[PDB]
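A.B. asks: Got start.cif for you, mmCIF, N, CA and C atoms:
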```cif
data_protein
loop_
_atom_site.label_atom_id
_atom_site.label_comp_id
_atom_site.auth_asym_id
_atom_site.auth_seq_id
_atom_site.Cartn_x
_atom_site.Cartn_y
_atom_site.Cartn_z
N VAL Z 298 0.85 -1.19 0.00
CA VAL Z 298 0.00 0.00 0.00
C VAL Z 298 0.88 1.24 0.00
N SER Z 299 0.55 2.19 -0.86
CA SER Z 299 1.28 3.45 -0.97
C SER Z 299 0.30 4.61 -0.99
N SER Z 300 0.66 5.70 -0.33
CA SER Z 300 -0.19 6.88 -0.27
C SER Z 300 0.68 8.11 -0.01
N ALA Z 301 0.04 9.25 0.19
CA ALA Z 301 0.71 10.53 0.40
C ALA Z 301 0.06 11.25 1.58
N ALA Z 302 0.40 12.53 1.73
CA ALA Z 302 -0.05 13.31 2.87
C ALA Z 302 -1.33 14.08 2.54
N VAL Z 303 -1.83 14.81 3.53
CA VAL Z 303 -3.06 15.58 3.41
C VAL Z 303 -2.70 17.04 3.22
N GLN Z 304 -3.35 17.70 2.27
CA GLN Z 304 -3.01 19.07 1.90
C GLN Z 304 -3.84 20.04 2.73
N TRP Z 305 -3.21 20.68 3.72
CA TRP Z 305 -3.89 21.68 4.52
C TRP Z 305 -4.00 22.99 3.75
N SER Z 306 -4.46 24.03 4.45
CA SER Z 306 -4.53 25.36 3.87
C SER Z 306 -4.71 26.38 4.99
N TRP Z 307 -4.17 27.58 4.76
CA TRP Z 307 -4.29 28.69 5.70
C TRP Z 307 -5.59 29.42 5.35
N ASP Z 308 -6.62 29.23 6.17
CA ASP Z 308 -7.92 29.82 5.86
C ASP Z 308 -8.22 31.02 6.76
N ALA Z 309 -9.33 31.68 6.48
CA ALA Z 309 -9.82 32.82 7.23
C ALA Z 309 -10.94 32.38 8.16
N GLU Z 310 -11.45 33.32 8.94
CA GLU Z 310 -12.55 33.01 9.84
C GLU Z 310 -13.85 32.91 9.06
N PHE Z 311 -14.66 31.91 9.40
CA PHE Z 311 -15.93 31.64 8.72
C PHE Z 311 -15.71 31.41 7.22
N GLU Z 312 -15.00 30.33 6.91
CA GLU Z 312 -14.77 29.94 5.53
C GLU Z 312 -14.75 28.43 5.42
N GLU Z 313 -15.38 27.91 4.37
CA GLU Z 313 -15.43 26.47 4.16
C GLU Z 313 -14.04 25.90 3.95
N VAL Z 314 -13.88 24.63 4.28
CA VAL Z 314 -12.64 23.92 4.07
C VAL Z 314 -12.67 23.24 2.71
N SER Z 315 -11.49 22.90 2.21
CA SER Z 315 -11.34 22.23 0.93
C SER Z 315 -11.20 20.73 1.13
N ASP Z 316 -11.79 19.97 0.21
CA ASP Z 316 -11.81 18.51 0.31
C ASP Z 316 -10.40 17.97 0.06
N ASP Z 317 -9.85 17.28 1.05
CA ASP Z 317 -8.44 16.87 1.04
C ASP Z 317 -8.28 15.37 1.23
N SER Z 318 -9.14 14.58 0.62
CA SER Z 318 -9.04 13.13 0.74
C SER Z 318 -7.86 12.62 -0.08
N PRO Z 319 -6.92 11.90 0.51
CA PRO Z 319 -5.76 11.42 -0.25
C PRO Z 319 -6.10 10.20 -1.09
N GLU Z 320 -5.16 9.84 -1.96
CA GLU Z 320 -5.30 8.71 -2.88
C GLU Z 320 -4.26 7.65 -2.55
N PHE Z 321 -4.47 6.45 -3.07
CA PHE Z 321 -3.61 5.32 -2.75
C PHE Z 321 -3.06 4.68 -4.01
N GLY Z 322 -2.31 3.60 -3.81
CA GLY Z 322 -1.79 2.80 -4.90
C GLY Z 322 -1.28 1.49 -4.37
N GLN Z 323 -1.40 0.45 -5.20
CA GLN Z 323 -0.96 -0.88 -4.80
C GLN Z 323 0.22 -1.32 -5.67
N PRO Z 324 1.44 -1.30 -5.14
CA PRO Z 324 2.57 -1.89 -5.88
C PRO Z 324 2.53 -3.40 -5.86
N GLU Z 325 2.88 -4.01 -6.99
CA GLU Z 325 2.72 -5.44 -7.21
C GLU Z 325 4.05 -6.06 -7.61
N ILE Z 326 4.39 -7.19 -7.00
CA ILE Z 326 5.67 -7.84 -7.24
C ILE Z 326 5.47 -9.30 -7.63
N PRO Z 327 5.41 -9.64 -8.91
CA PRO Z 327 5.36 -11.05 -9.30
C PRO Z 327 6.68 -11.75 -9.03
N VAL Z 328 6.60 -13.07 -8.90
CA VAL Z 328 7.74 -13.91 -8.54
C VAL Z 328 7.99 -14.90 -9.67
N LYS Z 329 9.24 -14.98 -10.12
CA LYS Z 329 9.61 -15.82 -11.26
C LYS Z 329 10.73 -16.78 -10.87
N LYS Z 330 11.03 -17.72 -11.77
CA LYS Z 330 11.95 -18.81 -11.47
C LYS Z 330 13.00 -18.96 -12.56
N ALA Z 331 14.14 -19.55 -12.18
CA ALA Z 331 15.26 -19.79 -13.07
C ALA Z 331 15.65 -21.26 -13.03
N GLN Z 332 16.46 -21.69 -14.00
CA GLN Z 332 16.69 -23.12 -14.20
C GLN Z 332 18.10 -23.37 -14.74
N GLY Z 333 18.55 -24.61 -14.60
CA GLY Z 333 19.83 -25.05 -15.12
C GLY Z 333 19.99 -26.56 -15.08
N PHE Z 334 20.51 -27.15 -16.15
CA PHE Z 334 20.54 -28.60 -16.32
C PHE Z 334 21.93 -29.07 -16.72
N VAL Z 335 22.31 -30.25 -16.26
CA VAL Z 335 23.59 -30.87 -16.60
C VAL Z 335 23.42 -32.38 -16.73
N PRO Z 336 23.32 -32.92 -17.94
CA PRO Z 336 23.29 -34.38 -18.09
C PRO Z 336 24.68 -34.98 -18.16
N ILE Z 337 24.83 -36.17 -17.58
CA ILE Z 337 26.11 -36.85 -17.51
C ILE Z 337 25.89 -38.35 -17.67
N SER Z 338 26.81 -39.00 -18.38
CA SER Z 338 26.77 -40.44 -18.59
C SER Z 338 27.06 -41.18 -17.30
N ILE Z 339 26.68 -42.46 -17.27
CA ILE Z 339 27.00 -43.29 -16.11
C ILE Z 339 28.49 -43.54 -16.03
N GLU Z 340 29.13 -43.75 -17.17
CA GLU Z 340 30.56 -44.06 -17.18
C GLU Z 340 31.37 -42.90 -16.62
N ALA Z 341 30.99 -41.67 -16.96
CA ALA Z 341 31.74 -40.51 -16.48
C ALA Z 341 31.67 -40.39 -14.97
N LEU Z 342 30.49 -40.61 -14.38
CA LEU Z 342 30.36 -40.48 -12.94
C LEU Z 342 31.27 -41.45 -12.20
N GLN Z 343 31.37 -42.68 -12.68
CA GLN Z 343 32.18 -43.67 -11.98
C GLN Z 343 33.64 -43.70 -12.44
N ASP Z 344 34.00 -42.97 -13.49
CA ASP Z 344 35.39 -42.89 -13.92
C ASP Z 344 36.05 -41.57 -13.57
N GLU Z 345 35.45 -40.44 -13.94
CA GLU Z 345 36.07 -39.16 -13.66
C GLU Z 345 36.06 -38.87 -12.16
N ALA Z 346 36.93 -37.97 -11.74
CA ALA Z 346 37.15 -37.72 -10.32
C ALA Z 346 36.55 -36.39 -9.91
N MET B 251 27.85 -34.70 -21.40
CA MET B 251 29.05 -34.62 -20.57
C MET B 251 29.60 -36.01 -20.25
N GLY B 252 30.26 -36.63 -21.21
CA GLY B 252 30.70 -38.00 -21.11
C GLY B 252 32.20 -38.15 -20.97
N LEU B 253 32.75 -39.11 -21.71
CA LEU B 253 34.17 -39.41 -21.67
C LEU B 253 34.98 -38.69 -22.74
N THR B 254 34.33 -37.92 -23.61
CA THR B 254 35.08 -37.18 -24.60
C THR B 254 35.95 -36.14 -23.91
N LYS B 255 37.16 -35.95 -24.43
CA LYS B 255 38.14 -35.12 -23.74
C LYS B 255 37.60 -33.72 -23.49
N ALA B 256 37.14 -33.05 -24.54
CA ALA B 256 36.66 -31.68 -24.38
C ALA B 256 35.33 -31.61 -23.64
N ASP B 257 34.68 -32.74 -23.38
CA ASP B 257 33.38 -32.77 -22.73
C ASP B 257 33.46 -33.31 -21.31
N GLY B 258 34.64 -33.27 -20.71
CA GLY B 258 34.83 -33.77 -19.36
C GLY B 258 35.74 -34.97 -19.26
N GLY B 259 36.32 -35.43 -20.36
CA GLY B 259 37.22 -36.57 -20.30
C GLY B 259 38.60 -36.23 -19.79
N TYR B 260 38.94 -34.94 -19.73
CA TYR B 260 40.26 -34.55 -19.25
C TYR B 260 40.44 -34.85 -17.77
N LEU B 261 39.36 -35.08 -17.03
CA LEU B 261 39.46 -35.28 -15.59
C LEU B 261 39.70 -36.73 -15.19
N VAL B 262 39.86 -37.64 -16.14
CA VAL B 262 40.17 -39.03 -15.81
C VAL B 262 41.65 -39.13 -15.45
N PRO B 263 42.04 -40.06 -14.59
CA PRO B 263 43.46 -40.28 -14.34
C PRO B 263 44.10 -41.06 -15.49
N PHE B 264 45.42 -41.09 -15.48
CA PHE B 264 46.20 -41.85 -16.45
C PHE B 264 46.83 -43.04 -15.74
N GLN B 265 46.45 -44.24 -16.14
CA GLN B 265 46.95 -45.47 -15.53
C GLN B 265 47.98 -46.11 -16.44
N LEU B 266 49.17 -46.35 -15.89
CA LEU B 266 50.27 -46.91 -16.66
C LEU B 266 50.99 -47.95 -15.82
N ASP B 267 51.45 -49.00 -16.49
CA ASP B 267 52.28 -50.01 -15.86
C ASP B 267 53.73 -49.79 -16.27
N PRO B 268 54.60 -49.35 -15.37
CA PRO B 268 55.97 -49.01 -15.78
C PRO B 268 56.78 -50.20 -16.24
N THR B 269 56.44 -51.41 -15.81
CA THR B 269 57.26 -52.57 -16.13
C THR B 269 57.30 -52.81 -17.63
N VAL B 270 58.48 -53.10 -18.14
CA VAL B 270 58.68 -53.32 -19.57
C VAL B 270 58.47 -54.79 -19.88
N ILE B 271 57.73 -55.06 -20.95
CA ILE B 271 57.50 -56.41 -21.44
C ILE B 271 58.46 -56.66 -22.59
N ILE B 272 59.24 -57.73 -22.49
CA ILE B 272 60.20 -58.07 -23.53
C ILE B 272 59.50 -58.92 -24.58
N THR B 273 59.60 -58.52 -25.84
CA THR B 273 58.87 -59.15 -26.92
C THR B 273 59.82 -59.77 -27.93
N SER B 274 60.87 -60.41 -27.44
CA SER B 274 61.85 -61.09 -28.27
C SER B 274 61.86 -62.57 -27.93
N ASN B 275 61.91 -63.41 -28.96
CA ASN B 275 61.83 -64.85 -28.75
C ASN B 275 63.00 -65.36 -27.93
N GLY B 276 64.20 -64.89 -28.24
CA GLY B 276 65.40 -65.42 -27.61
C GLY B 276 65.75 -66.79 -28.16
N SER B 277 66.73 -67.41 -27.51
CA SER B 277 67.15 -68.76 -27.87
C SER B 277 67.81 -69.42 -26.67
N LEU B 278 67.52 -70.70 -26.48
CA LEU B 278 68.07 -71.48 -25.38
C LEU B 278 69.06 -72.49 -25.94
N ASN B 279 70.26 -72.50 -25.38
CA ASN B 279 71.33 -73.34 -25.90
C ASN B 279 72.01 -74.03 -24.73
N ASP B 280 72.49 -75.25 -24.98
CA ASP B 280 73.04 -76.09 -23.92
C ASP B 280 74.48 -76.50 -24.19
N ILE B 281 75.15 -75.88 -25.16
CA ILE B 281 76.52 -76.29 -25.46
C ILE B 281 77.43 -75.97 -24.28
N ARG B 282 77.24 -74.80 -23.67
CA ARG B 282 78.15 -74.34 -22.63
C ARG B 282 78.16 -75.21 -21.39
N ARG B 283 77.11 -75.97 -21.10
CA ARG B 283 77.20 -76.86 -19.96
C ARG B 283 78.01 -78.11 -20.24
N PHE B 284 78.16 -78.50 -21.51
CA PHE B 284 78.96 -79.66 -21.86
C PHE B 284 80.36 -79.32 -22.35
N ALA B 285 80.51 -78.26 -23.14
CA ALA B 285 81.77 -77.98 -23.80
C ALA B 285 82.85 -77.61 -22.78
N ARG B 286 84.10 -77.65 -23.22
CA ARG B 286 85.25 -77.44 -22.36
C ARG B 286 85.72 -76.01 -22.50
N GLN B 287 85.79 -75.30 -21.37
CA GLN B 287 86.17 -73.90 -21.34
C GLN B 287 87.62 -73.79 -20.92
N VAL B 288 88.39 -73.01 -21.68
CA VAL B 288 89.77 -72.70 -21.35
C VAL B 288 89.93 -71.19 -21.41
N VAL B 289 90.80 -70.67 -20.56
CA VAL B 289 91.03 -69.24 -20.46
C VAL B 289 92.15 -68.84 -21.41
N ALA B 290 91.88 -67.83 -22.23
CA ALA B 290 92.84 -67.33 -23.20
C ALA B 290 93.47 -66.05 -22.69
N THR B 291 94.72 -65.82 -23.09
CA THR B 291 95.44 -64.63 -22.65
C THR B 291 95.78 -63.74 -23.84
N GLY B 292 96.00 -64.34 -25.00
CA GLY B 292 96.29 -63.57 -26.19
C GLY B 292 95.13 -63.56 -27.16
N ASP B 293 95.40 -63.89 -28.42
CA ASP B 293 94.36 -64.02 -29.42
C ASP B 293 94.24 -65.41 -29.99
N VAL B 294 95.20 -66.29 -29.76
CA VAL B 294 95.18 -67.63 -30.31
C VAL B 294 95.48 -68.62 -29.20
N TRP B 295 94.75 -69.73 -29.21
CA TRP B 295 94.97 -70.83 -28.28
C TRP B 295 95.48 -72.01 -29.09
N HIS B 296 96.59 -72.60 -28.67
CA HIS B 296 97.23 -73.68 -29.41
C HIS B 296 97.16 -74.98 -28.63
N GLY B 297 97.12 -76.10 -29.36
CA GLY B 297 97.15 -77.42 -28.76
C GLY B 297 98.05 -78.34 -29.56
#
```
Here is the file; what I need is its structure written in the form of structure tokens.

C.D. replies:
Amino acid sequence: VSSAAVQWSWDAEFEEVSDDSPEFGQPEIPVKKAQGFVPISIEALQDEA
Amino acid sequence: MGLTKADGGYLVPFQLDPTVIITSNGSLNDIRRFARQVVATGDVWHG
């Protein structure tokens, strides 16, 4: 959730106020994945060191 | 990624047998156990 402040004002006596309702925003963060593969022969596993 | 050199085969050890195998037939002879040996001092032996 993201928002801001309320905007005041220097007013006089007997004067209406200004509508100061703030606004919002929703930041969104999708999640992604990465990959990596290594195939190897049976002979290599039991021969190489 | 198998046994090919550039594909990971360089990591295998090198196994060698240092002992030399002689591959010559040779010949077996028995004259020297029967024949008569005399010691020479020059180049000719006379009798």

A.B. asks: Give me, as a Markdown table, the closest atom pair and its distance (Å, one decimal) for every residue of chain Z within a cut-off of 12 Å of chain B, counting only C-alpha atoms, rows sorted by chain and rising number.

C.D. replies:
```
| residue | atom | partner | partner_atom | distance |
| --- | --- | --- | --- | --- |
| Z:334 | CA | B:251 | CA | 11.3 |
| Z:335 | CA | B:251 | CA | 7.7 |
| Z:336 | CA | B:251 | CA | 6.3 |
| Z:337 | CA | B:251 | CA | 4.8 |
| Z:338 | CA | B:252 | CA | 5.3 |
| Z:339 | CA | B:252 | CA | 8.2 |
| Z:340 | CA | B:252 | CA | 7.2 |
| Z:341 | CA | B:252 | CA | 5.4 |
| Z:342 | CA | B:252 | CA | 8.5 |
| Z:343 | CA | B:262 | CA | 10.0 |
| Z:344 | CA | B:262 | CA | 6.4 |
| Z:345 | CA | B:262 | CA | 4.6 |
| Z:346 | CA | B:261 | CA | 6.3 |
```

A.B. asks: Can you list, as a ChimeraX atom specification, all residues belonging to chain Z that DSSP tags as strand (DSSP E or B)?

C.D. replies: /Z:299-300,321-322

A.B. asks: Could you turn the residues from that selection into a file that holds N, CA and C atoms, as a compact mmCIF listing (two decimals), keeping the file's coordinate frame?

C.D. replies:
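After the write, out17.txt holds the following:
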```txt
# COMPACT_ATOMS: atom_id res chain seq x y z
N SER Z 299 0.55 2.19 -0.86
CA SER Z 299 1.28 3.45 -0.97
C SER Z 299 0.30 4.61 -0.99
N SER Z 300 0.66 5.70 -0.33
CA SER Z 300 -0.19 6.88 -0.27
C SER Z 300 0.68 8.11 -0.01
N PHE Z 321 -4.47 6.45 -3.07
CA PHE Z 321 -3.61 5.32 -2.75
C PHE Z 321 -3.06 4.68 -4.01
N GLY Z 322 -2.31 3.60 -3.81
CA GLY Z 322 -1.79 2.80 -4.90
C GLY Z 322 -1.28 1.49 -4.37
```

A.B. asks: Quick one, how far is atom C of residue Z:306 from atom N of residue Z:320?

C.D. replies: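 Distance between the two atoms: 17.9 Å.
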
A.B. asks: Find the distance between atom N of residue Z:328 and atom N of residue Z:298 and write it in Å to one decimal.

C.D. replies: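 These two atoms are separated by 15.9 Å.
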
A.B. asks: Evaluate the PyMOL selection byres ((chain Z and resi 323) around 7) and record the selected residues as a PyMOL selection string, following the chain and residue labels used in the document.

C.D. replies: chain Z and resi 298-299+321-322+324-325

A.B. asks: Could you state the separation of atom CA of residue Z:314 and atom CA of residue Z:301 in Å, given to one decimal place?

C.D. replies: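 Between atom CA of residue Z:314 and atom CA of residue Z:301 the gap is 19.3 Å.
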
A.B. asks: For this file, the PyMOL selection byres (((chain Z and resi 302 and name CA) around 10) and name CA) selects which residues, as an NGL selection string?

C.D. replies: :Z and (300-301 or 303-305 or 317-320)
